[PDB]
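One structure below.
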Amino acid sequence: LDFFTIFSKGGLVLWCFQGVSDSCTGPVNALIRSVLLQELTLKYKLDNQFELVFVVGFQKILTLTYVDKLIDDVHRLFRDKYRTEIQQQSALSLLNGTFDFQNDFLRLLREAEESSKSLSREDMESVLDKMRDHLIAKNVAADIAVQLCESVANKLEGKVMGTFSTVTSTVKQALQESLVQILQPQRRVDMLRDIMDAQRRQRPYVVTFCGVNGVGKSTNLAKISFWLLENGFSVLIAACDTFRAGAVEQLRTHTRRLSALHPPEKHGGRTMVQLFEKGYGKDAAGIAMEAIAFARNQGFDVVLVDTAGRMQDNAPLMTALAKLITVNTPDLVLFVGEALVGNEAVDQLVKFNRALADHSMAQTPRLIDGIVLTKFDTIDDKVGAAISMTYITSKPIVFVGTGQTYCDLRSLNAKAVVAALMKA
Amino acid sequence: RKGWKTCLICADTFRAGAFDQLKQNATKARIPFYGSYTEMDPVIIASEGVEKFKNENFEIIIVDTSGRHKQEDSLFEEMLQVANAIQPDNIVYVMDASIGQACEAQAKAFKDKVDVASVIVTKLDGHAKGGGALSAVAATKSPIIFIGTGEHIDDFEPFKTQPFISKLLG
Amino acid sequence: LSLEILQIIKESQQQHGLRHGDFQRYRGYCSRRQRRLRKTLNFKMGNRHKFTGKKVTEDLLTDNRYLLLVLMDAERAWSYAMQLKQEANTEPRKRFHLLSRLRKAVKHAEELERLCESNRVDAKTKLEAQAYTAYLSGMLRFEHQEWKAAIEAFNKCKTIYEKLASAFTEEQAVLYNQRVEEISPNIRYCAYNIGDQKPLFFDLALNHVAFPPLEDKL
Amino acid sequence: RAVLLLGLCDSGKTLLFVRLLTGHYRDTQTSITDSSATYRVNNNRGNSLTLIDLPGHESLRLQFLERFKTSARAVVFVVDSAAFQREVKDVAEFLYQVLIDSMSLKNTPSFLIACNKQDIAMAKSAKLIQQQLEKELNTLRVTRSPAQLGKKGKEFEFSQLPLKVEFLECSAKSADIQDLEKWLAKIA
Amino acid sequence: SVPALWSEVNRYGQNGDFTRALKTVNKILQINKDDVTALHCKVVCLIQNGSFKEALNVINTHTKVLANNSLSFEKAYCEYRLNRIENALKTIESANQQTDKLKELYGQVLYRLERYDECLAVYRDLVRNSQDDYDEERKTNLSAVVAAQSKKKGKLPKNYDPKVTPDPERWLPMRXXXXXXXXXXXXXXXXXXXX
Ligand SMILES: Nc1nc2c(ncn2[C@@H]2O[C@H](COP(=O)(O)OP(=O)(O)NP(=O)(O)O)[C@@H](O)[C@H]2O)c(=O)[nH]1
Ligand SMILES: Nc1nc2c(ncn2[C@@H]2O[C@H](COP(=O)(O)OP(=O)(O)OP(=O)(O)O)[C@@H](O)[C@H]2O)c(=O)[nH]1
Ligand SMILES: [Mg+2]
Ligand SMILES: [Mg+2]
Ligand SMILES: [Mg+2]
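Protein chains in written order, with the working numbering: chain A, 18 to 441; chain B, 2 to 171; chain C, 2 to 219; chain D, 414 to 601; chain E, 474 to 668.
The following block contains the structure:
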């Protein structure tokens with residue numbers, strides 16, 4: 018154990034250890050991996066009763082059994098010796114308490130280096146099983162509904178319940194809060210403001226639509242082409258789907274239908290929707306690079322790159338797709354996944370994001386930047402495909418397709434999707 | 002390839018590039034095809050196509066229809082009217098193998114509006130084991146006759162119950 | 002001439018598994034890497050029904066390409082031992098098989114450091130190979146579970162890799178200083194347990210062609 | 414009543430929350446839950462306000478804001494003035510939500526933009542931070558993907574709102590929190 | 474008035490008009506033949522109008538007049554442009570006074586002679602001390618020195634003779650041409666097609 022910090026959940030360092038040698042090295046990266054990213058090996062132990070976190074830094078992962086016994090005795094001596102300072106609601110009990118735990122830890126560390134030489138989980142057991150069987154039947158991935166349920170027996174273990182609460186309604190509630198915060202990815206988006214920033218180098222805005230076969234990449238690409246034209250934007254559809262029959266005439270019917278609603282006469286006199294196509298059988302990274310150089314020269318604010326649908330287990334073809342998105346450097350990689358897929362929503366995005374970073378040759382690789390959740394009008398409340406997607410990926414559901422026309426494109430109501438999923 | 006005078010008809014009047022799709026799959030495999038860029042009624046494409054390939058004495062006439070879901074009663078009535086115009090000897094329910102829990106409800110509403118007698122499970126060449134097919138066999142009362150195992154025309158083979166249950170189990 | 006061994010291993014692990022912790026996939030990419038380096042360059046060890054020892058001699062080191070063959074033997078036996086460290090948490094006998102792959106990963110890297118001692122290789126790959134040996138000897142004597150023999154070949158690997166940084170440009174010193182910083186966390190743990198007892202080039206000299214000051218001429 | 418401390422991560426919410434309660438500097442980490450403590454106000458009557466420091470993380474920024482916004486007498490939006498120029502897009506986006514959760518309340522609380530971290534030499538002024546957020550919330554109310562900000566036909570400003578919006582400059586490293594304790598005594 | 478011809482060479486070199494500053498410099502070299510400022514304004518009007526051998530004949534015809542008030546940059550630049558990188562390297566090193574004009578041309582002479590360890594230390598000092606509009610073009614020059622250390626037709630008359638142009642397809646997939654020429658035994662399903 019080279020490191021040990023104990024702070025509260027309100028972000029207040031109570032006590033820290035870094036050895037007599039220098040001091041206080043890496044207490045912030047310790048907090049980040051251990052509390053920030055969970056809602057030298059850097060692990061943690063949570064006291065959820067009194068809102069404490071016990072972050073430790075060690076090597077030789079095989080000594081994890083004695084490092085866990087040292088966090089358990091330090092956690093038992095800390096919450097007993099300072100039970101008065103940590104049990105009060107006021108943050109002025111911890112600001113005014115004196116946590117001189119250095120001589121108690123040096124004794125628990127030197128003594129654990131000789132061994133090397135309320136709400137329990139039994140109560141919350143039955144309701145975490147009825148909630149896991151409700152998420153799975155409401156189309157949350159089978160294992161996403163298992164980690165979700167265990168994030169809640171952890172969060173409420175030790176904690177006292179309200180004046181009017183049961184075992185059932187507590188794990189049922191903190192599972193809704195751990196589900197809205199994970200369906201709240203660490204990302205945001207914008208509009209014309211974002212193409213003014215793409216004009217800081219005088220270049221268009223290139224979005225890449227990727228995904229598995231039949232989800233709605235081409236049809237929702239046309240709902241977003243109608244949504245960009247509605248905001249006054251000219252969009253050049255790059256037809257890089259050269260692995261199918263009628264993949265260019267599908268996009269040419271979308272360009273004929275969109276250059277009818279938004280013609281040059283009703284736009285100022287200039288072309289606003291135009292298809293860039295090179296036929297079938299051509300390279301999809303060569304038609305895409307020609308359409309970015311063509312939209313720059315012909316003045317198209319947006320390029321919407323349509324790619325062919327593929328599986329998730331194709332080493333010679335997820336190589337060519339991951340190399341396309343790595344090299345083309347698109348502004349927003351939009352994974353298109355249907356709201357009808359079940360447990361495959363996890364395997365699609367994990368292999369789609371693992372490919373984009375493997376066959377990438379950068380330091381920080383270009384990963385999927387969002388999700389388009391299509392066929393939303395087909396599940397009717399079996400909505401757990403939105404949770405399975407923003408769970409594994411910490412990327413937002415940029416659009417939610419709700420039909421086949423251009424007007425069936427919605428923003429995500431992520432609050433009522435967890436309220437429908439956590440109500441059983 | 003088994004020796005049948007087979008032909009295709011494209012009765013999809015909604016999806017963009019849908020007659021161009023079936024035209025290029027049939028142009029490649031050397032199979033006769035029927036359809037229209039201009040006709041907007043699929044009851045008219047399917048009646049006037051089975052009538053043309055009847056008077057040419059084809060033995061396998063496969064009519065392709067558009068994709069529909071149960072909450073659209075307009076496309077479920079049009080499917081029932083395309084089935085009543087051509088009167089098909091067999092109706093095949095093609096389902097994706099990555100479908101989740103929403104399978105038993107759609108597969109049952111297809112069996113209720115139209116008489117489904119066979120089921121085909123596509124996209125089984127990947128990670129999906131196809132457990133949604135148990136809910137379309139119980140809902141449509143129909144066995145699985147074929148499976149799809151890739152995007153090409155020869156990625157197609159008859160359903161065998163023992164290797165699909167061994168994969169579904171592990 | 003040159004070989005960036007550290008850049009070779011780091012971008013082959015992040016691309017073939019080790020970003021998500023797949024040592025079984027990284028070793029299989031290492032074995033297929035070596036088979037296809039052997040089938041292309043016609044450097045097969047055995048023929049059908051017989052085996053002959055592969056000896057990468059000094060004459061074939063001009064290619065700047067056969068050092069990657071022995072390195073893919075060092076990275077294959079290293080990747081197998083790290084996978085056997087995850088399977089030894091539930092099968093503690095796997096540790097005996099782990100330590101037999103790490104003694105032959107330093108032996109390949111000690112035979113690859115002796116090959117780089119040739120005069121046909123620059124002053125960059127002799128020393129990337131010298132201290133890739135001293136890094137695998139500090140990880141084997143760290144898995145010996147002796148904390149003292151672990152900081153002896155880690156402070157040796159740190160002092161070698163730092164002697165290489167100072168000798169060249171601070172831009173090329175980045176690779177050798179990235180590897181002293183790469184093995185520096187392991188040195189703080191063994192010190193805690195000893196004392197326990199054509200590119201685009203612009204012709205910017207055409208913008209310099211201008212008139213002399215014409216103030217004195219009026 | 415309650416004075417909620419909001420803003421992005423590392424804006425200085427928990428160190429201004431420490432500087433008002435103890436007057437001292439405390440080593441802080443990333444807050445994952447809220448923290449509440451009473452504050453005896455500097456004026457004659459010595460009113461007591463319940464300072465609520467809410468997490469700045471974006472899995473927890475609006476989950477706790479919606480819980481306590483009904484109990485908020487005033488809201489202090491803490492800004493990192495030194496790192497303002499690279500965070501103009503996340504400050505104005507979070508502040509757009511605090512602006513609509515604000516006017517949608519029955520008794521709209523009093524609002525401050527505490528331009529923290531003025532002790533750093535690269536700290537933008539509360540006059541440059543108000544100009545660049547009026548320019549940014551003018552593009553946001555159009556680009557946002559019914560309560561709106563000011564008038565649609567005019568350029569957005571903080572004076573067009575039915576809220577008590579103020580801007581001050583402070584520092585949490587003793588500290589320079591004099592304008593913060595004068596507004597906390599004025600709204601008490 | 475030569476002061477009025479020098480307010481005219483000054484007004485033409487400011488407007489970028491080196492075609493008319495060169496007609497007004499040849500009017501000052503008719504009255505003042507050894508004007509070292511008019512033999513520098515003419516070499517600039519010929520370097521800017523793309524006469525590097527006519528600007529190097531103005532430097533070599535007046536070697537004694539332009540001596541120690543020299544054009545060692547405009548002489549090592551005309552030679553740098555006429556494929557003389559051995560004469561452009563000898564004129565930068567034999568220059569009596571070294572400037573930031575002979576330092577910018579010397580970072581481009583070292584890169585041409587493939588001296589990338591000296592061209593990196595010249596372009597490290599050029600990006601630090603230069604405050605001009607070309608600092609994004611001098612970090613693309615230093616980023617090329619770091620990346621360096623690490624209608625024939627067989628005959629034309631036989632074009633309009635046989636069948637005015639070759640076969641209308643004329644180059645395309647060999648299996649797409651009317652000739653085919655692929656010795657194909659049959660069709661098999663490997664890749665995407667569907668034409
Ligand atoms: N009901 C409904 N249907 C949708 C939605 N999004 C797409 N679809 C439908 O799903 C089908 C698939 O269309 P398409 O755009 O070609 O999907 P794709 O992913 O491009 N297929 P490919 O892999 O060949 O490129 C179409 O019939 C389309 O209308 C949605 O939100 N709701
Ligand atoms: N120089 C300077 N540093 C400050 C100031 N205010 C806060 N800091 C420092 O910035 C770091 C981040 O401050 P926090 O108080 O944790 O900010 P926060 O908004 O609560 O962060 P979250 O908990 O993630 O929401 C702390 O370590 C402080 O030491 C300031 O006014 N000046
Ligand atoms: Mg497509
Ligand atoms: Mg169809
Ligand atoms: Mg905080």
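Ideal Cβ positions, reconstructed from N, Cα and C, are used throughout, including at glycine.
Contact set between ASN187 of chain C and chain A, taken where Cβ atoms lie within less than 8 Å: Within the third sequence, the letter at position 186 stands for residue 187 of chain C. Within chain A, the residues whose beta carbon sits less than 8 Å from that of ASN187 of chain C are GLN76, listed in sequence order.
Any non-hydrogen atom of ligand 5 closer than 7 Å to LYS565 of chain D Cβ: The sequence position of residue 565 of chain D within the fourth sequence is 152, counting from 1. Judged by the Cβ position, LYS565 of chain D fails to qualify as a neighbour of ligand 5 at the 7 Å threshold, every heavy atom of the ligand being at least this far.
Chain C within 8 Å of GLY489 of chain E, Cβ atoms only: In the fifth sequence, residue 489 of chain E corresponds to position 16, counting from 1. No, its Cβ sits nowhere closer than 8 Å to a Cβ of chain C.
Simplified DSSP state of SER167 of chain C, which is helix, strand or coil: Taking the third sequence and counting its residues from 1, one reaches residue 167 of chain C at position 166. The three-state secondary structure of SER167 of chain C, taken from DSSP, is helix.
Cβ-heavy atom distance, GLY326 of chain A to ligand 3, below 7 Å: On the first sequence, position 309 is the one that residue 326 of chain A refers to. Yes, ligand 3 has a heavy atom inside 7 Å of this Cβ.
Proximity of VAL290 of chain A and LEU246 of chain A at Cβ, strictly below 8 Å: For the purposes of this step, residue 290 of chain A is taken as residue 273 along the first sequence, with counting starting at 1. For the purposes of this step, residue 246 of chain A is taken as residue 229 along the first sequence, with counting starting at 1. At a Cβ-Cβ threshold of 8 Å, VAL290 of chain A and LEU246 of chain A count as neighbours.
Beta carbon nearer than 5 Å to a non-hydrogen atom of ligand 3: Selection around ligand 3 by beta-carbon proximity, strictly under 5 Å to any non-hydrogen atom, yields A:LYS234, A:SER235, A:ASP258 in chain order.
Buried/exposed call for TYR579 of chain E, threshold 16 Cβ in 10 Å: One-based indexing of the fifth sequence puts residue 579 of chain E at position 106. Result: buried.
For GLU142 of chain A, the three-state DSSP class (helix, strand or coil): Within the first sequence, the letter at position 125 stands for residue 142 of chain A. In this structure, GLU142 of chain A counts as helix in the three-state DSSP scheme.
Bounding residues of the alpha helix (DSSP H) (the contiguous stretch that carries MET80 of chain B): As a working note, residue 80 of chain B is residue 79 in the second sequence. Residues 74-87.
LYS426 of chain D CB to nearest heavy atom of ligand 2 below 7 Å: If you number the fourth sequence from 1, residue 426 of chain D lands on position 13. Yes.
Residue closest to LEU278 of chain A, alpha-carbon to alpha-carbon, out of A:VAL144, A:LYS240, A:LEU69: The sequence position of residue 278 of chain A within the first sequence is 261, counting from 1. Nearest C-alpha to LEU278 of chain A: A:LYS240.
Contact belief for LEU31 of chain A with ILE23 of chain A at Cβ below 8 Å, rounded distance in angstroms: The residue you call residue 31 of chain A lines up with position 14 of the first sequence. The residue you call residue 23 of chain A lines up with position 6 of the first sequence. Going by Cβ atoms, the distance from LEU31 of chain A to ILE23 of chain A rounds to 5 Å, so yes, they are a contact pair.
Amino acids of chain A, ordered along the chain, whose beta-carbon sits closer than 7 Å to that of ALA19 of chain B: As a working mapping, residue 19 of chain B is identified with position 18 in the second sequence. Going along chain A in sequence order, the residues near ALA19 of chain B (Cβ under 7 Å) are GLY263.
Spatially closest choice to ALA110 of chain B from B:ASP90, B:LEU76, B:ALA86, by CA coordinates: Your numbering for residue 110 of chain B matches position 109 in the second sequence. That would be B:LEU76, whose Cα lies nearest to the Cα of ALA110 of chain B.
DSSP state of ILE10 of chain C mapped onto helix, strand, coil: As a position in the third sequence, residue 10 of chain C is number 9, starting the count at 1. Per DSSP, reduced to three states, the secondary structure at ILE10 of chain C is helical.
At least 3 beta-carbon pairs within less than 8 Å: the segment 198-205 of chain A vs the segment 402-419 of chain A: At 8 Å Cβ cutoff, the stretches touch.
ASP605 of chain E, buried or exposed, once every other Cβ within 10 Å from all chains shown has been counted against 16: For the purposes of this step, residue 605 of chain E is taken as residue 132 along the fifth sequence, with counting starting at 1. Counting C-beta atoms within 10 angstroms of its own C-beta, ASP605 of chain E has fewer than 16 neighbours from the protein chains shown and is therefore classed as exposed.
Spatial distance of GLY132 of chain B from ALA441 of chain A (CA atoms): Position 131 of the second sequence, counted from the first residue, corresponds to residue 132 of chain B. Position 424 of the first sequence, counted from the first residue, corresponds to residue 441 of chain A. Distance between the alpha carbons of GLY132 of chain B and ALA441 of chain A: 25 Å.
Among E:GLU547, E:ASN632, E:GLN570, nearest to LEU519 of chain E - alpha-carbon criterion: Walking along the fifth sequence from the start, residue 519 of chain E turns up at place 46. It is E:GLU547.
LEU53 of chain A beta carbon less than 8 Å from that of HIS437 of chain D: Locating residue 437 of chain D in the fourth sequence gives position 24, counting from the first residue. Locating residue 53 of chain A in the first sequence gives position 36, counting from the first residue. At a Cβ-Cβ threshold of 8 Å, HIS437 of chain D and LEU53 of chain A do not count as neighbours.
Alpha carbon of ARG557 of chain D to alpha carbon of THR391 of chain A, nearest angstrom: Position 144 of the fourth sequence holds residue 557 of chain D. Position 374 of the first sequence holds residue 391 of chain A. When rounded, the distance between both Cα atoms is 21 Å.
Distance CB(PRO144 of chain B)-CB(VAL115 of chain B) smaller than 8 Å: Locating residue 144 of chain B in the second sequence gives position 143, where the first residue counts as 1. Locating residue 115 of chain B in the second sequence gives position 114, where the first residue counts as 1. Pairing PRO144 of chain B with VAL115 of chain B gives a Cβ-Cβ distance that is not under 8 Å.
Any non-hydrogen atom of ligand 1 within 7 Å of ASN331 of chain A CB: As a working mapping, residue 331 of chain A is identified with position 314 in the first sequence. Result no, Cβ not under 7 Å from ligand 1.
Closer than 6 Å to ligand 4: residues, by C-beta to nearest heavy atom, in chain order: After applying the 6 Å Cβ criterion, the set is B:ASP13, B:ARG16, B:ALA19, B:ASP65, B:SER67.
Beta-bridge partners of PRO159 of chain B, as assigned by DSSP: Counting from 1 along the second sequence, the entry for residue 159 of chain B is found at position 158. Beta-bridge partners assigned by DSSP to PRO159 of chain B: B:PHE147.
Nearest-angstrom Cα separation, counted from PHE243 of chain A out to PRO559 of chain D: On the fourth sequence, residue 559 of chain D is found 146 positions in, with the first residue counted as 1. On the first sequence, residue 243 of chain A is found 226 positions in, with the first residue counted as 1. Straight through space, the alpha carbons of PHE243 of chain A and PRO559 of chain D are spaced by roughly 24 Å.
Distance, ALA191 of chain A Cα to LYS548 of chain D Cα: Walking along the fourth sequence from the start, residue 548 of chain D turns up at place 135. Walking along the first sequence from the start, residue 191 of chain A turns up at place 174. Cα-Cα distance, rounded: 39 Å.
Neighbour flag for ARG20 of chain C against chain A, beta carbons, 8 Å: For the purposes of this step, residue 20 of chain C is taken as residue 19 along the third sequence, with counting starting at 1. True, the Cβ-Cβ gap to chain A drops below 8 Å.
First through last residue of the alpha helix (DSSP H) which encompasses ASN91 of chain B: Within the second sequence, numbered from 1, the residue matching residue 91 of chain B stands at position 90. Element bounds for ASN91 of chain B: n/a, residue is neither H nor E.
Range covered by the alpha helix (DSSP H) that runs through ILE520 of chain E: Indexing the fifth sequence from 1 puts residue 520 of chain E at position 47. It spans 511-521 - the alpha helix (DSSP H) in which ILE520 of chain E sits, taken as one unbroken run.
Chain B within 8 Å of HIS271 of chain A, Cβ atoms only: Start at 1 with the first residue of the first sequence, and residue 271 of chain A comes out as number 254. With a threshold of 8 Å between beta carbons, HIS271 of chain A makes contact with chain B.
8 Å CB neighbourhood of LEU550 of chain D in its chain, flanking five on each side removed: The count along the fourth sequence starts at 1 and reaches residue 550 of chain D at position 137. The answer, listed in chain order, is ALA505, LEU508, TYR509, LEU512, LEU562, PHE569.
For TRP644 of chain E, the first and last residue of its enclosing beta strand (DSSP E): Translated into the one-based positions of the fifth sequence, residue 644 of chain E becomes position 171. For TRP644 of chain E, there is no enclosing beta strand (DSSP E), as DSSP gives it neither H nor E.
Residues within the segment 220-248 of chain A neighbouring chain B, beta-carbon criterion of under 9 Å: Contacts with chain B (Cβ-Cβ distance below 9 Å) from the segment 220-248 of chain A involve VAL229, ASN230, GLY231, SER235, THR236, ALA239, listed in chain order.
Length of the line joining the Cα atoms of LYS11 of chain C and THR14 of chain B: Reading the third sequence from its first residue, position 10 is the one you call residue 11 of chain C. Reading the second sequence from its first residue, position 13 is the one you call residue 14 of chain B. Rounded to whole angstroms, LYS11 of chain C and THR14 of chain B show a C-alpha spacing of 54 Å.
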